[PDB]
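Going by the deposited numbering, the first residue of the sequence shown is number 7, and it counts up by one from there. Here a beta-carbon is modelled for each residue, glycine too, at the ideal position from N, C-alpha and C.
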Amino acid sequence: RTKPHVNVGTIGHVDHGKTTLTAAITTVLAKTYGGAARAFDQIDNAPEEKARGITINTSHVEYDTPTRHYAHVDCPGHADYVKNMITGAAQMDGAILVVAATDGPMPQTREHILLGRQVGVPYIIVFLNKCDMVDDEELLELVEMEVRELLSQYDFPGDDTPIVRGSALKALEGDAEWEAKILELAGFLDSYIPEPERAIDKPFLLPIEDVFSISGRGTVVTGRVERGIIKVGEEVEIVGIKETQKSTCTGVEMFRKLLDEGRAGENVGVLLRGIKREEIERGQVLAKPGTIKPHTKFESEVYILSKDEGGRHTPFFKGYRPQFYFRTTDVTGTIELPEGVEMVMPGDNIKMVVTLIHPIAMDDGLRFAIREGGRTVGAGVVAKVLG
Ligand SMILES: Nc1nc2c(ncn2[C@@H]2O[C@H](COP(=O)(O)OP(=O)(O)O)[C@@H](O)[C@H]2O)c(=O)[nH]1
Ligand SMILES: [Mg+2]
């Protein structure tokens, strides 16, 4: 502990070598700075996992650089990556997009990019692979344009992005000329990836779960400080639902123990000055003053479960009106489907425009669930906010 910890993963097109790279990384690193070398298969045969209520196939691996310690995840199929990205089951302070030099960019390449940004993947590094299969100076540089430029197409610094050329293969077999790229690749994670923003540091915030009124000199709302800190005296905004209202944090108690400040991650009951129980309700949230606005219309990438996992058994259509759980509650919304799209089948993902009846404190990257009679039928992340 203190050894900086970073969470990464290999994204990219199928067979482009995400997994093959993953391997090479631990190995190359084990041999060099000591550690544990992992076998392709132990990685290709991915166990499942259950997050937010779904089933993904994910392999978790570890390896260390000097200064840092990395947490790494590599998926089997695009979907796993899809689900994982949208849910966030596995976090990614950066991503190792994997591109083969024999195919150039591919649909999925795009997709994963598309998602990463949409989902708050802050940083992404690139390993041009299978370079062993290509000896064409000129060809390579074309790819970098194809890329640095596709990259910029989705709001990432294409012209400022690292691109490690290599052969995840040769390096896995033991061809030293090639290992250094894993090394070159590694170094980048260390220098290029800024240690993340911590939760406690991030802006203060708290989803209101319950609301009471004791004594009779101020009210008490409960819920988990999702982020930032809250110091008694720092005012707050109660955003969501009805017009926003202001107040001041008068008391912090966690199990009858009187305290002076709430930290991201703790469950607390905050005492507010001059606000009534009828002026506050679940769904709303305690947030540093001005750190978030409420909306009703938003663009989001969404996934509908299957029958096997427990989701709807049929498709749904426009004018569909399910519910959307946000941290603490459900809100009915109207669905708009991309041009072309006419019905969503269970097991599909679609960028879909939802329209809620009430306002909800929100910002891009938020994840929600979709439900029916309180049953979960899908999940999403607010890609972009509109209204
Ligand atoms: N020639 C060559 N083949 C490679 C290299 N890296 C991976 N491959 C091959 O590419 C295929 C797919 O690689 P893989 O890592 O499984 O891609 P994935 O489907 O994204 O996981 C495998 O059969 C590997 O042997 C490389 O550096 N050179
Ligand atoms: Mg694979």
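Which two residues bound the contiguous alpha helix (DSSP H) that contains residue i?
i	result
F162	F162 -> no alpha helix (DSSP H), and no H or E assigned at all.
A29	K24 to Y39
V125	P113 to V125
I49	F46 to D50
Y87	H84 to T93
Do residue i and residue j have their CB atoms nearer than 7 Å?
i	j	result
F218	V231	no
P300	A367	yes
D207	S173	no
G83	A101	no
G234	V104	no
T256	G229	no
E152	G110	yes
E287	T61	no
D86	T16	no
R373	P352	no
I169	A177	no
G371	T335	no
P328	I363	no
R7	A385	no
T297	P365	no
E201	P10	yes
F304	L211	no
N13	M91	no
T338	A192	no
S253	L278	yes
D50	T26	no
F46	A29	yes
residue 394	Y160	Not covered by the structure: residue 394. The range shown for the chain is 7 to 393.
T33	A52	no
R154	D165	yes
residue 5	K237	Shown here, the chain extends from 7 to 393; a query on residue 5 therefore has no answer.
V140	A107	yes
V350	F322	yes
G275	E259	yes
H19	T115	yes
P213	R333	yes
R171	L145	no
Span of the beta strand (DSSP E) holding residue i?
i	result
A106	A101 to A106
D70	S65 to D70
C255	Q251 to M260
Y76	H75 to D80
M368	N355 to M368
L277	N273 to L278
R269	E267 to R269
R373	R373 to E378
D336	Counting along the chain, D336 falls outside any beta strand (DSSP E), and DSSP gives it neither H nor E.
residue 394	Given a span of 7 to 393 for the chain in the structure shown, any question on residue 394 remains unanswerable.
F218	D216 to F218
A385	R381 to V391
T225	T225 to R230
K237	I235 to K237
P213	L211 to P213
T16	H11 to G18
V291	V291 to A293
Contact between the region 248–268 and the region 171–186: three or more CB pairs below 8 Å? Not touching, per the Cβ criterion.
Please confirm if the region 233–247 is in contact with the region 291–302, defined as three or more CB-CB distances below 8 Å between the two stretches. yes
At 3 residues or longer, and completely inside the region 136–194: list those beta strand (DSSP E) runs for me, N to C. Counting only runs of 3 or more, we get 169–171.
So, do the region 123–138 and the region 39–46 have three or more beta carbon pairs nearer to each other than 8 Å? no
Tell me, please, whether the region 352–368 touches the region 309–328 by the rule of three or more beta-carbon pairs shorter than 8 Å. yes
Where in the region 301–333 do unbroken runs of the beta strand (DSSP E), each at least 3 residues long, occur, reported from the N-terminal end onward? 329–331
Is it the case that the region 338–352 contacts the region 68–77, given that we only count it when at least three CB pairs across the two stretches are under 8 Å? no
With ligand 2 as the reference, list in chain order each residue whose Cβ lies under 6 Å from any of its heavy atoms. Spelled out in chain order, the answer is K24, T25, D50 and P82.
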